[PDB]
file structure_4.cif (mmCIF, C-alpha atoms)
data_work
#
loop_
_atom_site.label_atom_id
_atom_site.label_comp_id
_atom_site.auth_asym_id
_atom_site.auth_seq_id
_atom_site.Cartn_x
_atom_site.Cartn_y
_atom_site.Cartn_z
CA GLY G 2 -2.12 6.88 43.34
CA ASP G 3 -4.72 9.23 41.86
CA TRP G 4 -3.36 12.79 41.70
CA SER G 5 -6.35 14.05 39.68
CA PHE G 6 -7.73 16.42 42.31
CA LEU G 7 -4.40 17.99 43.20
CA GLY G 8 -3.68 18.41 39.50
CA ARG G 9 -7.01 20.11 38.88
CA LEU G 10 -6.33 22.57 41.69
CA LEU G 11 -2.76 23.27 40.64
CA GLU G 12 -3.81 24.01 37.06
CA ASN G 13 -6.06 26.70 38.51
CA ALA G 14 -2.99 27.99 40.33
CA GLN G 15 -1.28 27.90 36.92
CA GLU G 16 -3.90 30.30 35.60
CA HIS G 17 -3.09 32.82 38.35
CA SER G 18 0.67 32.25 38.56
CA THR G 19 3.77 33.85 37.11
CA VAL G 20 5.54 32.36 34.11
CA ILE G 21 8.30 30.97 36.33
CA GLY G 22 5.57 29.61 38.57
CA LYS G 23 4.04 27.89 35.56
CA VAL G 24 7.44 26.34 34.85
CA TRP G 25 7.63 25.17 38.46
CA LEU G 26 4.21 23.52 38.22
CA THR G 27 5.13 21.84 34.94
CA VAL G 28 8.27 20.48 36.59
CA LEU G 29 6.15 19.21 39.47
CA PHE G 30 3.75 17.41 37.15
CA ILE G 31 6.22 15.96 34.65
CA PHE G 32 9.46 15.39 36.57
CA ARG G 33 8.08 14.44 39.99
CA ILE G 34 4.52 13.07 39.81
CA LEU G 35 4.82 11.44 36.40
CA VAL G 36 8.23 9.89 37.10
CA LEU G 37 7.06 8.68 40.50
CA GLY G 38 4.07 6.92 38.96
CA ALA G 39 5.64 5.64 35.75
CA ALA G 40 9.13 4.67 36.99
CA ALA G 41 9.96 4.88 40.69
CA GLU G 42 6.94 3.14 42.22
CA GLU G 43 7.81 0.05 40.17
CA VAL G 44 11.50 0.17 41.17
CA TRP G 45 10.51 0.18 44.86
CA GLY G 46 7.65 -2.33 44.40
CA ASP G 47 9.73 -5.28 45.64
CA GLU G 48 11.61 -3.35 48.33
CA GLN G 49 10.73 -5.84 51.09
CA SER G 50 9.86 -8.96 49.07
CA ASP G 51 13.34 -8.96 47.48
CA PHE G 52 15.15 -7.79 50.62
CA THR G 53 17.13 -10.78 51.85
CA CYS G 54 19.14 -11.52 55.00
CA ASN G 55 21.61 -14.35 55.58
CA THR G 56 19.94 -15.89 58.63
CA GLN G 57 17.59 -18.62 59.82
CA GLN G 58 16.18 -16.39 62.57
CA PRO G 59 12.42 -15.79 62.32
CA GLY G 60 11.58 -12.09 62.32
CA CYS G 61 15.09 -10.81 61.58
CA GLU G 62 14.39 -9.79 57.97
CA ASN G 63 11.33 -7.81 59.11
CA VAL G 64 13.19 -5.79 61.74
CA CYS G 65 16.24 -5.31 59.52
CA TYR G 66 14.20 -3.99 56.60
CA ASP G 67 12.38 -1.69 59.01
CA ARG G 68 15.65 -0.36 60.44
CA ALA G 69 17.25 0.09 57.02
CA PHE G 70 14.13 1.73 55.55
CA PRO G 71 12.09 3.48 58.25
CA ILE G 72 10.19 5.23 55.44
CA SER G 73 10.45 4.31 51.77
CA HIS G 74 11.89 6.98 49.50
CA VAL G 75 8.72 6.93 47.40
CA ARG G 76 6.50 7.71 50.40
CA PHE G 77 8.87 10.52 51.34
CA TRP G 78 8.66 11.94 47.81
CA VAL G 79 4.85 11.76 47.92
CA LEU G 80 4.84 13.75 51.15
CA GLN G 81 7.35 16.23 49.71
CA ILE G 82 5.16 16.76 46.65
CA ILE G 83 2.10 17.42 48.80
CA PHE G 84 3.82 19.86 51.14
CA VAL G 85 5.53 21.83 48.38
CA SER G 86 2.14 22.03 46.66
CA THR G 87 0.27 23.22 49.77
CA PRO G 88 1.34 26.91 49.74
CA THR G 89 0.24 27.13 46.12
CA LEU G 90 -3.21 26.02 47.23
CA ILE G 91 -3.21 28.61 50.01
CA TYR G 92 -2.41 31.39 47.54
CA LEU G 93 -5.03 30.10 45.10
CA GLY G 94 -7.61 30.06 47.88
CA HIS G 95 -6.84 33.67 48.76
CA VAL G 96 -7.20 34.49 45.06
CA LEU G 97 -10.59 32.80 44.78
CA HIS G 98 -11.72 34.43 48.03
CA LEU G 99 -10.89 37.90 46.76
CA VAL G 100 -12.56 37.18 43.42
CA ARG G 101 -15.75 36.02 45.13
CA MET G 102 -15.64 39.05 47.43
CA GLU G 103 -15.27 41.28 44.36
CA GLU G 104 -18.27 39.62 42.73
CA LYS G 105 -20.28 40.17 45.91
CA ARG G 106 -19.28 43.83 46.13
CA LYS G 107 -20.24 44.22 42.47
CA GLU G 108 -23.64 42.71 43.25
CA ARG G 109 -24.10 44.91 46.32
CA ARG G 137 -3.32 40.83 39.60
CA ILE G 138 -0.27 40.33 41.79
CA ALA G 139 -0.10 43.40 44.00
CA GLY G 140 -1.30 44.40 47.44
CA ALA G 141 -2.13 41.66 49.91
CA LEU G 142 -2.20 39.12 47.10
CA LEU G 143 1.45 39.84 46.32
CA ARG G 144 2.36 39.46 49.97
CA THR G 145 0.70 36.06 50.05
CA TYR G 146 2.34 35.05 46.76
CA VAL G 147 5.79 35.87 48.12
CA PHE G 148 5.02 34.00 51.34
CA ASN G 149 3.98 31.03 49.21
CA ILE G 150 7.36 31.14 47.47
CA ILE G 151 9.10 31.32 50.85
CA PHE G 152 7.31 28.36 52.40
CA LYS G 153 7.81 26.35 49.20
CA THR G 154 11.53 27.02 49.42
CA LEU G 155 11.74 26.10 53.10
CA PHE G 156 9.81 22.86 52.62
CA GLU G 157 11.92 21.81 49.63
CA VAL G 158 15.09 22.49 51.64
CA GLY G 159 13.72 20.63 54.64
CA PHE G 160 12.85 17.52 52.67
CA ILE G 161 16.24 17.59 50.92
CA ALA G 162 18.11 17.82 54.22
CA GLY G 163 15.89 15.18 55.82
CA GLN G 164 16.55 12.79 52.96
CA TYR G 165 20.27 13.44 53.37
CA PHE G 166 20.35 12.81 57.11
CA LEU G 167 18.11 9.74 56.84
CA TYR G 168 19.56 7.93 53.82
CA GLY G 169 22.21 10.03 52.18
CA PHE G 170 22.19 10.08 48.41
CA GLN G 171 23.18 6.46 47.77
CA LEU G 172 21.89 3.00 48.65
CA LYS G 173 24.57 0.40 49.18
CA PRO G 174 23.74 -3.26 48.42
CA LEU G 175 24.85 -4.47 51.86
CA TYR G 176 23.09 -3.53 55.09
CA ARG G 177 24.55 -4.83 58.36
CA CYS G 178 21.86 -5.39 61.00
CA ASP G 179 22.14 -6.17 64.73
CA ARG G 180 18.54 -5.54 65.77
CA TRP G 181 16.81 -8.07 67.99
CA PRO G 182 15.89 -10.92 67.29
CA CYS G 183 18.79 -11.04 64.82
CA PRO G 184 21.69 -12.96 66.40
CA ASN G 185 24.85 -10.88 66.49
CA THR G 186 25.33 -9.00 63.21
CA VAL G 187 23.54 -10.20 60.09
CA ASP G 188 24.23 -9.38 56.44
CA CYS G 189 21.15 -8.20 54.53
CA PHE G 190 20.94 -7.36 50.83
CA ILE G 191 18.94 -4.57 49.20
CA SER G 192 16.79 -4.83 46.11
CA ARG G 193 17.98 -2.77 43.14
CA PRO G 194 20.48 -0.52 44.97
CA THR G 195 21.88 1.05 41.80
CA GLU G 196 18.58 1.86 40.11
CA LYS G 197 17.36 3.27 43.41
CA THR G 198 20.49 5.43 43.67
CA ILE G 199 19.92 6.72 40.13
CA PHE G 200 16.38 7.77 40.99
CA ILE G 201 17.45 9.24 44.34
CA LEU G 202 19.93 11.49 42.55
CA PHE G 203 17.38 12.31 39.83
CA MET G 204 14.81 13.43 42.40
CA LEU G 205 17.47 15.45 44.24
CA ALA G 206 18.36 17.24 41.01
CA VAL G 207 14.70 17.95 40.28
CA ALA G 208 14.22 19.37 43.79
CA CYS G 209 17.26 21.62 43.36
CA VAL G 210 15.95 22.85 40.01
CA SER G 211 12.70 23.70 41.79
CA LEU G 212 14.64 25.69 44.40
CA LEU G 213 16.44 27.59 41.65
CA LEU G 214 13.08 28.40 40.06
CA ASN G 215 11.74 29.72 43.37
CA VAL G 216 14.83 31.92 43.76
CA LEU G 217 14.26 33.20 40.23
CA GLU G 218 10.65 34.00 41.09
CA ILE G 219 11.78 36.06 44.05
CA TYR G 220 14.41 37.85 41.99
CA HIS G 221 12.02 38.59 39.14
CA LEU G 222 9.50 39.93 41.65
CA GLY G 223 12.25 41.89 43.39
CA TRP G 224 13.21 43.31 39.98
CA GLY U 2 29.25 -52.21 74.22
CA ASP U 3 31.61 -55.12 74.87
CA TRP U 4 31.23 -56.37 78.45
CA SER U 5 33.46 -59.41 77.84
CA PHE U 6 36.28 -58.42 80.20
CA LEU U 7 34.02 -57.43 83.08
CA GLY U 8 32.11 -60.67 82.60
CA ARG U 9 35.28 -62.74 82.68
CA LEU U 10 36.34 -61.11 85.93
CA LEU U 11 32.93 -61.43 87.56
CA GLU U 12 32.73 -65.13 86.74
CA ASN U 13 35.95 -65.52 88.70
CA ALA U 14 34.21 -63.68 91.52
CA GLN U 15 31.39 -66.20 91.05
CA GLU U 16 33.84 -69.00 91.79
CA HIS U 17 34.78 -67.41 95.13
CA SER U 18 31.35 -66.05 96.09
CA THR U 19 28.44 -67.19 98.22
CA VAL U 20 25.37 -68.78 96.66
CA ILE U 21 23.38 -65.57 97.14
CA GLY U 22 26.32 -63.73 95.60
CA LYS U 23 26.13 -66.05 92.62
CA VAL U 24 22.44 -65.20 92.31
CA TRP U 25 23.32 -61.50 92.44
CA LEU U 26 25.87 -61.90 89.65
CA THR U 27 23.41 -63.86 87.53
CA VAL U 28 20.87 -61.07 88.00
CA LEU U 29 23.52 -58.55 86.96
CA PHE U 30 24.34 -60.46 83.79
CA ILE U 31 20.84 -61.44 82.68
CA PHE U 32 18.52 -58.71 83.97
CA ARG U 33 20.80 -55.67 83.65
CA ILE U 34 23.56 -56.16 81.07
CA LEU U 35 21.61 -58.42 78.72
CA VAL U 36 18.43 -56.31 78.85
CA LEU U 37 20.45 -53.13 78.37
CA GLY U 38 22.10 -54.51 75.25
CA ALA U 39 19.18 -56.41 73.74
CA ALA U 40 16.28 -54.06 74.56
CA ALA U 41 16.97 -50.68 76.17
CA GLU U 42 19.80 -49.38 73.98
CA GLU U 43 17.48 -49.71 70.97
CA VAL U 44 14.59 -47.95 72.76
CA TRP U 45 16.85 -44.97 73.50
CA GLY U 46 18.60 -45.07 70.10
CA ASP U 47 16.47 -42.25 68.66
CA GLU U 48 16.27 -40.20 71.86
CA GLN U 49 17.46 -36.99 70.17
CA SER U 50 16.70 -37.70 66.51
CA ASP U 51 13.00 -38.23 67.33
CA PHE U 52 12.85 -35.49 69.97
CA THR U 53 10.78 -32.69 68.46
CA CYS U 54 9.98 -29.13 69.50
CA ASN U 55 7.27 -26.84 68.11
CA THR U 56 9.52 -23.95 67.06
CA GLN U 57 11.37 -22.39 64.15
CA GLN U 58 14.22 -21.23 66.40
CA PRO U 59 17.63 -22.65 65.45
CA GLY U 60 19.31 -24.37 68.38
CA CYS U 61 16.23 -24.66 70.59
CA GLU U 62 15.76 -28.41 70.14
CA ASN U 63 19.41 -29.00 71.09
CA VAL U 64 19.25 -27.04 74.35
CA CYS U 65 15.82 -28.41 75.23
CA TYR U 66 16.88 -32.03 74.75
CA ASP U 67 19.98 -31.32 76.82
CA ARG U 68 17.93 -29.78 79.64
CA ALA U 69 15.34 -32.56 79.60
CA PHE U 70 17.99 -35.30 79.43
CA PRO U 71 21.26 -34.17 81.02
CA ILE U 72 22.34 -37.82 81.00
CA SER U 73 20.51 -40.60 79.19
CA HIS U 74 19.05 -43.32 81.39
CA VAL U 75 21.09 -45.94 79.53
CA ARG U 76 24.39 -44.18 80.29
CA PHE U 77 23.32 -43.90 83.92
CA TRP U 78 22.56 -47.63 84.03
CA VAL U 79 25.96 -48.42 82.49
CA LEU U 80 27.67 -46.40 85.20
CA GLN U 81 25.52 -48.05 87.88
CA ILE U 82 26.47 -51.51 86.60
CA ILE U 83 30.16 -50.65 86.69
CA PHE U 84 30.11 -49.16 90.18
CA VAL U 85 28.06 -51.96 91.72
CA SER U 86 30.49 -54.40 90.11
CA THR U 87 33.62 -52.62 91.39
CA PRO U 88 33.58 -53.89 95.02
CA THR U 89 33.26 -57.43 93.72
CA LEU U 90 36.48 -56.87 91.79
CA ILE U 91 38.17 -55.48 94.90
CA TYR U 92 37.24 -58.58 96.89
CA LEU U 93 38.34 -60.86 94.06
CA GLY U 94 41.67 -59.06 93.89
CA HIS U 95 42.22 -59.56 97.61
CA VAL U 96 41.37 -63.24 97.08
CA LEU U 97 43.87 -63.64 94.26
CA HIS U 98 46.50 -61.74 96.24
CA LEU U 99 46.15 -64.06 99.21
CA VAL U 100 46.23 -67.12 96.96
CA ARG U 101 49.42 -65.94 95.26
CA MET U 102 50.94 -65.14 98.66
CA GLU U 103 50.02 -68.64 99.83
CA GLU U 104 51.68 -70.15 96.76
CA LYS U 105 54.80 -68.09 97.45
CA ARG U 106 54.91 -69.14 101.11
CA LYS U 107 54.50 -72.76 99.99
CA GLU U 108 57.44 -72.31 97.63
CA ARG U 109 59.56 -70.62 100.32
CA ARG U 137 37.46 -69.64 102.45
CA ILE U 138 35.43 -66.74 103.81
CA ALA U 139 36.87 -66.01 107.23
CA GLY U 140 39.48 -63.70 108.70
CA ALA U 141 40.45 -60.63 106.73
CA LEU U 142 38.82 -62.07 103.62
CA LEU U 143 35.46 -62.14 105.38
CA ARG U 144 35.90 -58.54 106.48
CA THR U 145 36.57 -57.50 102.91
CA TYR U 146 33.62 -59.58 101.64
CA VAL U 147 31.26 -57.84 104.06
CA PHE U 148 32.67 -54.45 103.10
CA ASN U 149 32.06 -55.37 99.47
CA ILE U 150 28.41 -56.09 100.29
CA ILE U 151 28.17 -52.77 102.12
CA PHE U 152 29.60 -50.64 99.32
CA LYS U 153 27.46 -52.51 96.78
CA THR U 154 24.38 -51.65 98.82
CA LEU U 155 25.33 -47.99 99.19
CA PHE U 156 26.06 -47.58 95.49
CA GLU U 157 22.81 -49.24 94.45
CA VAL U 158 20.89 -46.97 96.84
CA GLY U 159 22.77 -43.92 95.60
CA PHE U 160 22.03 -44.60 91.95
CA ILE U 161 18.37 -45.30 92.75
CA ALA U 162 17.98 -42.03 94.64
CA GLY U 163 19.89 -40.11 91.98
CA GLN U 164 17.64 -41.48 89.26
CA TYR U 165 14.64 -40.45 91.35
CA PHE U 166 15.79 -36.89 91.95
CA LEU U 167 16.93 -36.43 88.34
CA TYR U 168 14.06 -37.98 86.38
CA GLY U 169 11.60 -39.61 88.72
CA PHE U 170 10.22 -42.95 87.62
CA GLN U 171 8.19 -41.79 84.62
CA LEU U 172 8.81 -39.93 81.36
CA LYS U 173 5.95 -37.73 80.23
CA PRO U 174 5.49 -37.12 76.48
CA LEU U 175 5.47 -33.32 76.87
CA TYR U 176 8.49 -31.31 78.02
CA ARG U 177 8.08 -27.55 78.40
CA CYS U 178 11.33 -25.67 77.70
CA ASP U 179 12.26 -22.01 78.24
CA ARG U 180 16.04 -22.26 77.77
CA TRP U 181 17.76 -19.71 75.57
CA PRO U 182 17.61 -19.40 72.52
CA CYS U 183 14.08 -20.79 72.75
CA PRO U 184 11.59 -17.89 72.62
CA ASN U 185 9.31 -17.86 75.65
CA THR U 186 8.13 -21.39 76.49
CA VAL U 187 8.28 -24.09 73.83
CA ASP U 188 6.51 -27.46 73.71
CA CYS U 189 8.84 -30.39 73.02
CA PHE U 190 7.86 -34.03 72.57
CA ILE U 191 9.74 -37.10 73.78
CA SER U 192 10.45 -40.25 71.82
CA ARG U 193 8.79 -43.39 73.18
CA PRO U 194 7.81 -42.08 76.64
CA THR U 195 5.77 -45.15 77.59
CA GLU U 196 8.29 -47.80 76.56
CA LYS U 197 10.96 -45.78 78.33
CA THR U 198 8.81 -45.64 81.48
CA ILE U 199 8.33 -49.42 81.32
CA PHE U 200 12.07 -49.98 81.19
CA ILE U 201 12.73 -47.37 83.89
CA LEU U 202 10.42 -49.24 86.25
CA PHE U 203 11.89 -52.60 85.20
CA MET U 204 15.42 -51.44 86.00
CA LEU U 205 14.24 -49.99 89.32
CA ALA U 206 12.69 -53.33 90.25
CA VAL U 207 15.87 -55.18 89.29
CA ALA U 208 17.96 -52.80 91.41
CA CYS U 209 15.65 -53.32 94.39
CA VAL U 210 15.88 -57.10 93.97
CA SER U 211 19.66 -56.70 94.04
CA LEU U 212 19.40 -54.74 97.30
CA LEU U 213 17.25 -57.47 98.81
CA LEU U 214 19.86 -60.04 97.79
CA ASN U 215 22.62 -58.02 99.45
CA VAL U 216 20.56 -57.79 102.64
CA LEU U 217 20.07 -61.56 102.49
CA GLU U 218 23.82 -62.03 102.11
CA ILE U 219 24.44 -59.99 105.23
CA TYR U 220 21.76 -61.87 107.16
CA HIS U 221 23.02 -65.27 106.06
CA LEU U 222 26.55 -64.25 107.06
CA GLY U 223 25.23 -62.83 110.32
CA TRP U 224 23.46 -66.16 110.90
#
call {"tool": "encode", "arguments": {"input": "structure_4.cif", "output": "structure tokens"}}
result
Amino acid sequence: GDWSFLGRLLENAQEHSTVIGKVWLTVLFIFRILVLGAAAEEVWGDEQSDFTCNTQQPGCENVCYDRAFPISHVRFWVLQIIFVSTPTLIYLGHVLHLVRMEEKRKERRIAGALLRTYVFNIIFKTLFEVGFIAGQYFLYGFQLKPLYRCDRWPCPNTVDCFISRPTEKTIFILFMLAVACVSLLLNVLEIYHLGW
Amino acid sequence: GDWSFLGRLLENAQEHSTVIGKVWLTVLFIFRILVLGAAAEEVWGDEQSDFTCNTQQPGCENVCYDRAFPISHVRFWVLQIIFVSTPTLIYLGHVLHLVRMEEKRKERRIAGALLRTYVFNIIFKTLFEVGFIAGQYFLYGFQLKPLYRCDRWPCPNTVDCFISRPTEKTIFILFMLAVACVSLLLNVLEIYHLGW
């Protein structure tokens, strides 16, 4: 995963952002992207190769892994990172557009319409963070148990399947939840600093 | 398989039987019982152990062998031998009963009621031989093909299964059919010699 281009754009957003916004971006880079690439990806590397079911039925392990893990937590976190970054890019684009328009007018910061877009950016960021949190909760909860009981065809009756690294995965699930909640708190602080 | 007791009783029947009947009993001993024990049993020994199906499905080979071979030819031939022998034992029992009654009357061959029972013995023998022949035909035919196609659950879709020793088994199927037909001819000759 090469996050270079998103990083380069979000550092530009850092130049035009509030101090709390700069904190939020630093959290995104260090506690989400960096952890994901240095720690979590490895943890989940053997998610299917080390997933085992007590059965001689061909195809059962495939369908049972798929049912247990419709989307890997790491993929979900990648999507979450991209969506919570997107409004920042929208605001930065509006910034660059107004700067280029100003340069043109000359040939021939946060107030006004730019402040309205900034605050909308903070709102959409908040809603997307909340949505991904709640989706993670309703899909997986905040804990991975070692045992998964599977009755999906072709599996005969109910089969016992065993997860790879349930405890380490639970640790990182809770870590990422905490980081997301810290991000929400930062957004709320941005909207209370702007309000005040 | 210990045929000693049936043999001992059928040799008694040989003492009280017609010459053609003696031929029939000799055919039974030499061309059915002896072949079954010296040749066929061995041929069919690995009927299930060498039966193979192209599948990874647990249980498929079991159900496919069972469907292909609801009853092994050798078991069928054992039953046939016993049933075609049974009327002979009935006639011999009537003989011994009349002899013991004669000894009693003294204290205090084929005509009459004994001839009626003899001819009924020949009739039931014929009907049982015919019935087993026709049953063998409708169950298996007179040939075993190497390939058996099986769609019985749990087998997925249609599976290719392969028989042990199809050609040797076909040879012995046809041999036993020929021996049974010779027995029928002998019965018919008994009833035409008695008629004449």
call {"tool": "atom_distance", "arguments": {"input": "structure_4.cif", "atom1": "atom CA of residue G:87", "atom2": "atom CA of residue G:204"}}
result
19.0 Å
call {"tool": "interface_residues", "arguments": {"input": "structure_4.cif", "of": "chain U", "to": "chain G", "cutoff": "8 Å", "atoms": "only C-alpha atoms", "output": "list in words"}}
result
residues 57, 58 and 59 of chain U
call {"tool": "resolve_selection", "arguments": {"input": "structure_4.cif", "expression": "the PyMOL selection byres ((chain U and resi 25-29) around 12)", "output": "count of residues only"}}
result
55
call {"tool": "resolve_selection", "arguments": {"input": "structure_4.cif", "expression": "the PyMOL selection byres ((chain G and resi 167) around 12)", "output": "MDAnalysis selection string"}}
result
chainID G and resid 68:74 77 159:166 168:172
call {"tool": "atom_distance", "arguments": {"input": "structure_4.cif", "atom1": "atom CA of residue U:189", "atom2": "atom CA of residue U:175"}}
result
5.9 Å
call {"tool": "residues_near_point", "arguments": {"input": "structure_4.cif", "point": "(20.5, -3.0, 41.1)", "cutoff": "12 Å", "atoms": "all atoms listed in the file", "output": "PyMOL selection string"}}
result
chain G and resi 44-45+47-48+51-52+171-175+190-200
call {"tool": "residues_around", "arguments": {"input": "structure_4.cif", "residues": "residue U:61", "least_positions_apart": "6", "cutoff": "10 Å", "atoms": "only C-alpha atoms", "output": "JSON, numbers by chain"}}
result
{"U": [53, 54, 55, 67, 178, 179, 180, 181, 182, 183, 184, 187, 189]}
call {"tool": "atom_distance", "arguments": {"input": "structure_4.cif", "atom1": "atom CA of residue U:49", "atom2": "atom CA of residue U:176"}}
result
13.2 Å
call {"tool": "decode", "arguments": {"input": "structure_4.cif", "residues": "stretch 94-108 of chain U", "atoms": "N, CA and C atoms", "output": "PDB file, in the first residue's frame"}}
result
ATOM      1  N   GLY U  94     -37.088 -85.761   2.878  1.00  0.00           N
ATOM      2  CA  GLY U  94     -37.768 -85.889   4.152  1.00  0.00           C
ATOM      3  C   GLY U  94     -39.021 -86.731   4.053  1.00  0.00           C
ATOM      4  N   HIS U  95     -39.801 -86.537   2.991  1.00  0.00           N
ATOM      5  CA  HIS U  95     -40.955 -87.403   2.770  1.00  0.00           C
ATOM      6  C   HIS U  95     -40.521 -88.858   2.615  1.00  0.00           C
ATOM      7  N   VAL U  96     -39.418 -89.089   1.902  1.00  0.00           N
ATOM      8  CA  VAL U  96     -38.884 -90.441   1.753  1.00  0.00           C
ATOM      9  C   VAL U  96     -38.567 -91.046   3.115  1.00  0.00           C
ATOM     10  N   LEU U  97     -37.794 -90.325   3.925  1.00  0.00           N
ATOM     11  CA  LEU U  97     -37.385 -90.858   5.216  1.00  0.00           C
ATOM     12  C   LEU U  97     -38.591 -91.069   6.118  1.00  0.00           C
ATOM     13  N   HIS U  98     -39.584 -90.187   6.018  1.00  0.00           N
ATOM     14  CA  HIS U  98     -40.793 -90.330   6.816  1.00  0.00           C
ATOM     15  C   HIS U  98     -41.531 -91.607   6.450  1.00  0.00           C
ATOM     16  N   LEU U  99     -41.674 -91.876   5.152  1.00  0.00           N
ATOM     17  CA  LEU U  99     -42.360 -93.097   4.752  1.00  0.00           C
ATOM     18  C   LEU U  99     -41.561 -94.333   5.132  1.00  0.00           C
ATOM     19  N   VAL U 100     -40.232 -94.259   5.074  1.00  0.00           N
ATOM     20  CA  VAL U 100     -39.425 -95.411   5.461  1.00  0.00           C
ATOM     21  C   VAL U 100     -39.565 -95.690   6.952  1.00  0.00           C
ATOM     22  N   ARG U 101     -39.542 -94.642   7.774  1.00  0.00           N
ATOM     23  CA  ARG U 101     -39.711 -94.831   9.209  1.00  0.00           C
ATOM     24  C   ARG U 101     -41.111 -95.343   9.531  1.00  0.00           C
ATOM     25  N   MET U 102     -42.124 -94.840   8.822  1.00  0.00           N
ATOM     26  CA  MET U 102     -43.480 -95.339   9.009  1.00  0.00           C
ATOM     27  C   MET U 102     -43.580 -96.808   8.619  1.00  0.00           C
ATOM     28  N   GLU U 103     -42.889 -97.203   7.549  1.00  0.00           N
ATOM     29  CA  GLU U 103     -42.878 -98.604   7.147  1.00  0.00           C
ATOM     30  C   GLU U 103     -42.213 -99.468   8.207  1.00  0.00           C
ATOM     31  N   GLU U 104     -41.099 -98.995   8.768  1.00  0.00           N
ATOM     32  CA  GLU U 104     -40.443 -99.745   9.835  1.00  0.00           C
ATOM     33  C   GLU U 104     -41.363 -99.890  11.041  1.00  0.00           C
ATOM     34  N   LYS U 105     -42.072 -98.818  11.398  1.00  0.00           N
ATOM     35  CA  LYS U 105     -43.021 -98.895  12.505  1.00  0.00           C
ATOM     36  C   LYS U 105     -44.105 -99.926  12.219  1.00  0.00           C
ATOM     37  N   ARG U 106     -44.731 -99.836  11.043  1.00  0.00           N
ATOM     38  CA  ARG U 106     -45.784-100.782  10.691  1.00  0.00           C
ATOM     39  C   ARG U 106     -45.266-102.214  10.710  1.00  0.00           C
ATOM     40  N   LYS U 107     -44.024-102.420  10.271  1.00  0.00           N
ATOM     41  CA  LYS U 107     -43.424-103.746  10.351  1.00  0.00           C
ATOM     42  C   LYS U 107     -43.280-104.191  11.800  1.00  0.00           C
ATOM     43  N   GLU U 108     -42.892-103.269  12.684  1.00  0.00           N
ATOM     44  CA  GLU U 108     -42.792-103.607  14.100  1.00  0.00           C
ATOM     45  C   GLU U 108     -44.162-103.918  14.689  1.00  0.00           C
TER      46      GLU U 108
END
